[PDB]
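**Student:** Just upload14.txt, nothing more (compact mmCIF, C-alpha atoms and all ligand atoms):
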# COMPACT_ATOMS: atom_id res chain seq x y z
CA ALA A 410 -36.05 37.86 -54.42
CA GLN A 411 -34.08 35.72 -55.75
CA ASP A 412 -32.92 32.77 -58.10
CA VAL A 413 -29.34 31.57 -57.20
CA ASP A 414 -27.63 28.51 -55.80
CA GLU A 415 -26.24 29.82 -52.49
CA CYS A 416 -24.43 26.50 -52.01
CA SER A 417 -22.29 27.07 -55.16
CA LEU A 418 -21.02 30.62 -54.71
CA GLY A 419 -17.95 29.59 -52.75
CA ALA A 420 -17.83 29.26 -48.94
CA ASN A 421 -20.35 27.07 -47.27
CA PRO A 422 -23.20 29.27 -45.93
CA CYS A 423 -23.91 26.56 -43.36
CA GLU A 424 -21.76 26.85 -40.25
CA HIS A 425 -20.11 24.01 -38.28
CA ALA A 426 -19.79 21.82 -41.45
CA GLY A 427 -23.54 21.54 -42.05
CA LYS A 428 -24.64 20.37 -45.52
CA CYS A 429 -25.88 23.15 -47.85
CA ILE A 430 -29.04 22.28 -49.80
CA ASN A 431 -30.27 24.69 -52.39
CA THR A 432 -33.93 25.83 -52.66
CA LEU A 433 -35.64 28.21 -55.14
CA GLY A 434 -35.46 31.62 -53.45
CA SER A 435 -33.35 30.44 -50.49
CA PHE A 436 -31.29 27.50 -49.16
CA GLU A 437 -31.40 25.15 -46.18
CA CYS A 438 -28.79 23.66 -43.89
CA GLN A 439 -28.65 20.03 -42.84
CA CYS A 440 -26.92 20.44 -39.44
CA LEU A 441 -24.54 18.09 -37.73
CA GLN A 442 -25.59 16.74 -34.31
CA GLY A 443 -25.41 19.36 -31.60
CA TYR A 444 -26.00 22.34 -33.89
CA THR A 445 -29.21 24.28 -34.60
CA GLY A 446 -30.38 27.41 -36.38
CA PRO A 447 -31.02 28.30 -40.03
CA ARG A 448 -27.29 28.19 -40.78
CA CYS A 449 -26.29 25.79 -37.86
CA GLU A 450 -24.96 28.88 -36.00
CA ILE A 451 -25.99 27.65 -32.56
CA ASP A 452 -24.25 25.16 -30.35
CA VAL A 453 -27.26 23.51 -28.62
CA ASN A 454 -27.23 23.63 -24.80
CA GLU A 455 -27.49 19.88 -24.02
CA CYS A 456 -27.88 20.81 -20.29
CA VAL A 457 -31.04 22.89 -20.77
CA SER A 458 -33.35 19.97 -19.82
CA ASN A 459 -31.38 19.23 -16.60
CA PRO A 460 -30.22 15.65 -17.56
CA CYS A 461 -27.77 15.22 -14.66
CA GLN A 462 -29.36 13.53 -11.59
CA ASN A 463 -28.54 13.48 -7.88
CA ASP A 464 -27.13 17.08 -7.80
CA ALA A 465 -24.53 16.34 -10.48
CA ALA A 466 -22.89 19.18 -12.48
CA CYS A 467 -23.84 19.36 -16.15
CA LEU A 468 -21.18 20.19 -18.78
CA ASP A 469 -22.54 21.56 -22.06
CA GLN A 470 -20.23 20.14 -24.74
CA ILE A 471 -20.11 19.63 -28.52
CA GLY A 472 -23.21 17.59 -29.48
CA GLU A 473 -23.40 16.10 -25.94
CA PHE A 474 -23.46 16.76 -22.21
CA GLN A 475 -21.26 15.26 -19.54
CA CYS A 476 -22.34 14.84 -15.95
CA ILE A 477 -19.96 15.24 -13.03
CA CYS A 478 -21.34 13.03 -10.31
CA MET A 479 -21.63 13.63 -6.60
CA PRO A 480 -19.39 11.07 -4.75
CA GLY A 481 -21.01 7.62 -4.73
CA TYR A 482 -22.91 8.08 -7.99
CA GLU A 483 -22.04 7.02 -11.53
CA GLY A 484 -23.56 6.65 -15.00
CA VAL A 485 -24.26 8.99 -17.91
CA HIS A 486 -26.95 10.83 -15.90
CA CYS A 487 -25.32 10.02 -12.49
CA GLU A 488 -28.45 7.87 -12.01
CA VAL A 489 -26.52 4.90 -10.60
CA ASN A 490 -25.84 4.71 -6.89
CA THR A 491 -22.57 2.69 -6.82
CA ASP A 492 -22.97 -0.58 -4.92
CA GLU A 493 -20.29 -0.51 -2.17
CA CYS A 494 -21.48 -3.90 -0.89
CA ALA A 495 -20.50 -5.57 -4.19
CA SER A 496 -17.21 -6.94 -2.68
CA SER A 497 -19.10 -8.39 0.40
CA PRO A 498 -16.85 -6.47 2.88
CA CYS A 499 -18.35 -7.57 6.19
CA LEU A 500 -16.41 -10.20 8.21
CA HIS A 501 -18.01 -12.88 10.42
CA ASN A 502 -21.38 -13.15 8.70
CA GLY A 503 -22.09 -9.42 9.04
CA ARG A 504 -24.84 -7.97 6.87
CA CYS A 505 -23.83 -5.22 4.39
CA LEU A 506 -25.96 -2.08 3.95
CA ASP A 507 -25.23 0.12 0.91
CA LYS A 508 -24.95 3.86 1.60
CA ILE A 509 -23.76 6.90 -0.34
CA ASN A 510 -20.06 6.38 -1.23
CA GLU A 511 -19.84 4.00 1.75
CA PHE A 512 -21.30 0.89 3.40
CA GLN A 513 -22.43 -0.19 6.85
CA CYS A 514 -21.92 -3.61 8.39
CA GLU A 515 -24.66 -4.97 10.66
CA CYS A 516 -22.58 -7.27 12.86
CA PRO A 517 -23.99 -10.35 14.61
CA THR A 518 -23.93 -10.51 18.46
CA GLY A 519 -20.38 -10.56 19.86
CA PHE A 520 -18.76 -8.75 16.90
CA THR A 521 -17.93 -4.98 16.24
CA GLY A 522 -16.88 -2.53 14.24
CA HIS A 523 -16.70 -1.20 10.65
CA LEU A 524 -16.03 -4.54 9.02
CA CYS A 525 -17.06 -6.64 12.12
CA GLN A 526 -13.33 -7.34 12.78
CA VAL A 527 -13.46 -7.31 16.61
CA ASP A 528 -14.44 -10.62 18.20
CA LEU A 529 -15.93 -10.03 21.67
CA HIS A 530 -16.65 -13.72 22.39
CA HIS A 531 -12.78 -13.60 22.25
CA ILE A 532 -12.61 -11.40 25.39
CA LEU A 533 -11.64 -14.67 27.17
CA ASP A 534 -9.85 -13.63 30.42
CA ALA B 410 -26.29 -19.41 69.99
CA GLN B 411 -23.36 -18.23 70.50
CA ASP B 412 -20.53 -16.05 72.18
CA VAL B 413 -17.23 -16.20 70.13
CA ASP B 414 -15.06 -13.90 68.07
CA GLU B 415 -15.36 -15.42 64.57
CA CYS B 416 -12.71 -12.96 63.35
CA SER B 417 -10.06 -14.47 65.69
CA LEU B 418 -10.39 -18.21 65.08
CA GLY B 419 -7.94 -18.25 62.19
CA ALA B 420 -8.92 -17.76 58.52
CA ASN B 421 -10.85 -14.70 57.60
CA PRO B 422 -14.57 -15.62 57.37
CA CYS B 423 -15.01 -12.68 54.99
CA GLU B 424 -14.22 -13.55 51.39
CA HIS B 425 -12.36 -11.39 48.83
CA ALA B 426 -10.28 -9.67 51.60
CA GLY B 427 -13.27 -8.07 53.33
CA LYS B 428 -12.70 -6.80 56.89
CA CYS B 429 -14.07 -9.07 59.66
CA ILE B 430 -15.91 -7.22 62.45
CA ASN B 431 -17.05 -9.17 65.44
CA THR B 432 -20.58 -8.91 66.92
CA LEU B 433 -22.17 -10.64 69.95
CA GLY B 434 -23.79 -13.77 68.51
CA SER B 435 -22.45 -13.27 64.96
CA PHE B 436 -19.98 -11.21 62.88
CA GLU B 437 -20.16 -8.80 59.94
CA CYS B 438 -18.06 -8.24 56.86
CA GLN B 439 -16.94 -4.85 55.59
CA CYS B 440 -16.64 -5.66 51.86
CA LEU B 441 -14.24 -4.24 49.34
CA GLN B 442 -15.74 -2.39 46.35
CA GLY B 443 -17.40 -4.72 43.89
CA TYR B 444 -18.29 -7.41 46.43
CA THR B 445 -21.58 -8.08 48.24
CA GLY B 446 -23.19 -10.67 50.48
CA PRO B 447 -22.92 -11.49 54.19
CA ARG B 448 -19.39 -12.79 53.72
CA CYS B 449 -18.56 -10.76 50.49
CA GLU B 450 -19.11 -14.00 48.50
CA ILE B 451 -20.64 -12.26 45.49
CA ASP B 452 -18.90 -10.46 42.69
CA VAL B 453 -21.49 -7.71 41.91
CA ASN B 454 -22.71 -7.60 38.29
CA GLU B 455 -21.80 -3.98 37.40
CA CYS B 456 -23.67 -4.47 34.05
CA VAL B 457 -27.04 -5.27 35.63
CA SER B 458 -28.30 -1.66 35.28
CA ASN B 459 -27.31 -1.49 31.56
CA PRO B 460 -24.69 1.35 31.89
CA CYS B 461 -23.31 1.03 28.34
CA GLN B 462 -25.04 3.37 25.83
CA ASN B 463 -25.48 3.35 22.06
CA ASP B 464 -25.59 -0.51 21.75
CA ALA B 465 -22.20 -0.93 23.43
CA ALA B 466 -21.17 -4.30 24.98
CA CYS B 467 -20.91 -4.35 28.77
CA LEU B 468 -18.05 -6.25 30.47
CA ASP B 469 -18.71 -7.22 34.08
CA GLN B 470 -15.32 -6.92 35.81
CA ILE B 471 -13.84 -6.72 39.32
CA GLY B 472 -15.50 -3.75 41.08
CA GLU B 473 -16.24 -2.08 37.70
CA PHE B 474 -17.71 -2.44 34.22
CA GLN B 475 -16.07 -1.69 30.91
CA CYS B 476 -18.01 -0.69 27.83
CA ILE B 477 -16.98 -1.75 24.34
CA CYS B 478 -18.24 0.98 22.06
CA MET B 479 -19.88 0.76 18.67
CA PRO B 480 -17.58 2.43 16.05
CA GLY B 481 -17.74 6.23 16.34
CA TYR B 482 -18.54 6.30 20.05
CA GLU B 483 -16.27 6.74 23.06
CA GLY B 484 -16.37 7.43 26.81
CA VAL B 485 -16.92 5.33 29.93
CA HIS B 486 -20.58 4.73 28.98
CA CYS B 487 -19.94 5.10 25.19
CA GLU B 488 -22.05 8.27 25.59
CA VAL B 489 -19.71 10.40 23.46
CA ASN B 490 -20.22 10.56 19.72
CA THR B 491 -16.63 11.24 18.50
CA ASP B 492 -16.39 14.54 16.63
CA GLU B 493 -14.94 13.66 13.18
CA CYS B 494 -15.14 17.33 12.14
CA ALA B 495 -12.63 18.32 14.85
CA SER B 496 -9.72 18.48 12.30
CA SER B 497 -11.82 20.71 9.89
CA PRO B 498 -11.33 18.25 6.95
CA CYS B 499 -13.29 20.02 4.22
CA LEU B 500 -11.27 21.88 1.53
CA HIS B 501 -12.38 25.09 -0.22
CA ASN B 502 -14.70 26.47 2.45
CA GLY B 503 -16.79 23.29 2.58
CA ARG B 504 -19.04 22.81 5.60
CA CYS B 505 -18.38 19.75 7.79
CA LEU B 506 -21.26 17.58 9.08
CA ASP B 507 -20.46 15.08 11.86
CA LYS B 508 -21.81 11.55 11.35
CA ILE B 509 -21.26 8.17 13.00
CA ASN B 510 -17.55 7.24 12.64
CA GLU B 511 -17.43 9.56 9.61
CA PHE B 512 -18.09 13.08 8.31
CA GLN B 513 -19.77 14.71 5.33
CA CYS B 514 -18.56 17.80 3.50
CA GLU B 515 -21.18 20.20 2.14
CA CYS B 516 -19.21 21.71 -0.74
CA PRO B 517 -19.87 25.19 -2.15
CA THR B 518 -20.97 25.55 -5.82
CA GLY B 519 -18.29 24.39 -8.27
CA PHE B 520 -16.60 21.93 -5.87
CA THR B 521 -17.05 18.09 -5.27
CA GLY B 522 -16.39 15.31 -3.56
CA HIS B 523 -15.59 13.78 -0.13
CA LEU B 524 -13.26 16.54 0.99
CA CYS B 525 -14.38 19.06 -1.75
CA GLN B 526 -11.07 18.39 -3.60
CA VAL B 527 -12.39 18.64 -7.18
CA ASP B 528 -12.55 22.17 -8.57
CA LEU B 529 -15.16 22.38 -11.35
CA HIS B 530 -14.67 26.11 -12.04
CA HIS B 531 -11.27 24.57 -13.12
CA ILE B 532 -12.93 22.66 -16.01
CA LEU B 533 -11.44 25.46 -18.21
CA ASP B 534 -11.28 24.03 -21.78
CA CA C 1 -31.64 29.62 -53.72
CA CA C 2 -23.34 22.02 -26.89
CA CA C 3 -23.78 2.73 -2.58
CA CA C 4 -19.64 -13.33 67.43
CA CA C 5 -18.05 -7.66 38.93
CA CA C 6 -19.05 11.91 14.87
For this file, write the structure as structure tokens.
Ligand SMILES: [Ca+2]
Ligand SMILES: [Ca+2]
Ligand SMILES: [Ca+2]
Ligand SMILES: [Ca+2]
Ligand SMILES: [Ca+2]
Ligand SMILES: [Ca+2]

**Tutor:**
Amino acid sequence: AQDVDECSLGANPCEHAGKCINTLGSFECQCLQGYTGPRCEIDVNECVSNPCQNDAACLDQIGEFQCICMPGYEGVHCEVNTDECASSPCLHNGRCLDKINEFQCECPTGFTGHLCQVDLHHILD
Amino acid sequence: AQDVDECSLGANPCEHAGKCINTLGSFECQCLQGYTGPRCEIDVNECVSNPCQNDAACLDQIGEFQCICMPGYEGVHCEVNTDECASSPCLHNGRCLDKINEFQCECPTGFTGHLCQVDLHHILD
């Protein structure tokens, strides 16, 4: 069959607050974001297409995914390698190299270590 | 010429406290470590043979050299890459990888970041 407005019997036949739209012989559901199926029964797996980059963990949530980034990465898809050289950390005209969740200073001659702190022209004795 | 004991005239003809040994027609100097030359005049350059490894700075000193190591290296010749994994820093059965003046933790599934602190099996909600 059958001629009836399924949207007017009582409870909403569409799950997860979808909008019920009557048709002749059936009905249709206008689903909210993140829900699928004839009656919006399914919570879509937003992680199914592997959106999280750089070995991030994908969290399948309500109408969205969340990425948990590997250290040193950021962004919605963990697509951004954080720039550790942004604060220009190298002393004495050292050159900063960005790495993963860290930086490297390329010190000029006569200077060492991590931040080029040690003056070796200073070894005056 | 000439017949004379150069070691008995007065001052020591050998520099840098070398031992004066008389010979017929001359004399010879028995130099202390780090000195060379007929009269021990020269302070040997202990850095001449490039003893300092891994881009270390060589200091030419009295009868010895000293190496100034690049960060993460140690030893007389800076030949030792310091083992940062010695203290077993990785939490939750993470695997430690030794690097230069740093370490990397290879976390098992469900754990992140530097020391594998973050439990993601814990994202219970
Ligand atoms: Ca109908
Ligand atoms: Ca979902
Ligand atoms: Ca970076
Ligand atoms: Ca003599
Ligand atoms: Ca010397
Ligand atoms: Ca190391």

**Student:** Using all atoms listed in the file, which residues sit within 7 Å of range 525-528 of chain A once same-chain residues fewer than 5 positions away are excluded, as a ChimeraX atom specification?

**Tutor:** /A:499-501,503,514,516,519-520

**Student:** Within 12 Å of chain A, which residues of chain B show up? Give each one with its shortest atom-to-atom distance in Å (one decimal) and the two atoms involved, counting all atoms listed in the file, rows by chain then rising residue number, as CSV.

**Tutor:**
residue,atom,partner,partner_atom,distance
B:464,CA,A:521,CA,10.4
B:465,CA,A:521,CA,9.3
B:466,CA,A:519,CA,8.1
B:467,CA,A:529,CA,10.4
B:468,CA,A:532,CA,9.1
B:469,CA,A:532,CA,11.4
B:470,CA,A:534,CA,10.2
B:471,CA,A:534,CA,12.0
B:475,CA,A:532,CA,11.7
B:476,CA,A:529,CA,11.4
B:477,CA,A:529,CA,8.8
B:478,CA,A:521,CA,8.3
B:479,CA,A:522,CA,6.3
B:480,CA,A:522,CA,5.3
B:481,CA,A:522,CA,9.0
B:482,CA,A:522,CA,10.7
B:509,CA,A:513,CA,10.4
B:510,CA,A:523,CA,8.7
B:511,CA,A:511,CA,9.9
B:512,CA,A:511,CA,11.3
B:513,CA,A:509,CA,10.4
B:514,CA,A:480,CA,10.7
B:515,CA,A:479,CA,10.9
B:516,CA,A:479,CA,10.3
B:518,CA,A:466,CA,9.4
B:519,CA,A:466,CA,8.1
B:520,CA,A:466,CA,9.5
B:521,CA,A:479,CA,6.5
B:522,CA,A:480,CA,5.3
B:523,CA,A:480,CA,6.6
B:524,CA,A:480,CA,10.0
B:525,CA,A:480,CA,9.9
B:526,CA,A:480,CA,11.1
B:527,CA,A:477,CA,10.2
B:528,CA,A:477,CA,11.1
B:529,CA,A:466,CA,8.4
B:530,CA,A:466,CA,10.8
B:532,CA,A:468,CA,9.0
B:533,CA,A:468,CA,11.1
B:534,CA,A:470,CA,10.2

**Student:** With distances taken over all atoms listed in the file, which of A:496, A:442, A:462, A:491 is nearest to ligand CA 3 (chain C)?

**Tutor:**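 So, comparing all the options, the nearest one is A:491.
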
**Student:** Considering all atoms listed in the file, can you say which of B:423, B:451, B:485, B:418 comes closest to residue 438 in chain B?

**Tutor:**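 Closest to residue 438 in chain B of all the choices is B:423.
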
**Student:** Determine, for each residue of chain B having at least one atom at most 6 Å from an atom of ligand CA 4 (chain C), the closest pair of atoms and their separation in Å to one decimal, counting all atoms listed in the file; order by chain and ascending number, as CSV.

**Tutor:**
residue,atom,partner,partner_atom,distance
B:412,CA,C:CA4,CA,5.5
B:413,CA,C:CA4,CA,4.6
B:414,CA,C:CA4,CA,4.7
B:415,CA,C:CA4,CA,5.6
B:431,CA,C:CA4,CA,5.3
B:432,CA,C:CA4,CA,4.5
B:433,CA,C:CA4,CA,4.5
B:434,CA,C:CA4,CA,4.3
B:435,CA,C:CA4,CA,3.7
B:436,CA,C:CA4,CA,5.0

**Student:** Residues up to 8 Å from ligand CA 5 (chain C), counting all atoms listed in the file: could you list those as a list in words?

**Tutor:**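 If we count all atoms listed in the file, the neighbours of ligand CA 5 (chain C) turn out to be residues 443, 444, 452, 453, 454, 455, 469, 470, 471, 472, 473 and 474 of chain B.
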
**Student:** For ligand CA 1 (chain C), which residue out of A:445, A:424, A:504, A:429 is the nearest one, using all atoms listed in the file?

**Tutor:**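 Under the stated criterion, the closest residue is A:429.
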
**Student:** Pull the neighbourhood of (-15.0, -16.4, 55.1) for me: all residues within 12 Å in file coordinates, counting all atoms listed in the file, as a PyMOL selection string.

**Tutor:** chain B and resi 415-430+436-440+446-451

**Student:** Could you tell me how far CA of residue 459 in chain B lies from CA of residue 483 in chain B, in Å and to one decimal?

**Tutor:**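 Going from CA of residue 459 in chain B over to CA of residue 483 in chain B covers 16.2 Å.
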
**Student:** Considering all atoms listed in the file, can you say which of A:463, A:411, A:497, A:458 comes closest to ligand CA 1 (chain C)?

**Tutor:** A:411
